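J.:
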Amino acid sequence: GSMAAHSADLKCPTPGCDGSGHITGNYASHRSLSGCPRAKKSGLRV
Ligand SMILES: [Zn+2]
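Numbering-wise (the entry's author numbering), the sequence shown opens with residue 1 and increments by one.
(1) Any heavy atom of ligand 1 closer than 8 Å to the CB of residue 19?
(2) With 16 other CB atoms within 10 Å as the buried threshold, where does residue 40 fall?
(3) Would you say the beta carbon of residue 43 comes nearer than 8 Å to a heavy atom of ligand 1?
(4) With hydrogens ignored, establish whether the beta-carbon of residue 7 is closer than 8 Å to any heavy atom of ligand 1.
(5) Are there any heavy atoms of ligand 1 lying less than 8 Å away from the beta-carbon of residue 4, as far as the coordinates show?
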């Protein structure tokens, strides 16, 4: 992606999210906050 996380583009920016799935539910995984199905979704940082 354009804006990843400290863990590189191996996972997505959101710490509470892992990178697999989508808020959409139409893909397998993502690497940015654009696909985070948990994007600041209550469990934003655990
Ligand atoms: Zn994510």
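Just so you know, even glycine gets a beta-carbon here, dropped at the ideal spot from N, CA and C.
T.: Reading from the atomic positions:
(1) Position 19 of the sequence shown, counted from the start, is the residue given in the question as residue 19. Yes; taking the cut-off as 8 Å, the Cβ of residue 19 has a heavy atom of ligand 1 nearer than that.
(2) Taking the first residue of the sequence shown as position 1, residue 40 is located at position 40. Its Cβ having fewer than 16 others within 10 Å, residue 40 is exposed.
(3) Position 43 of the sequence shown, counted from the first residue, corresponds to residue 43. Because no heavy atom of ligand 1 lies under 8 Å away, the Cβ of residue 43 does not count as near it: no.
(4) Within the sequence shown, numbered from 1, the residue matching residue 7 stands at position 7. No, the beta carbon of residue 7 sits no closer than 8 Å to any heavy atom of ligand 1.
(5) The sequence position of residue 4 within the sequence shown is 4, counting from 1. Not under cutoff, so the answer is no.
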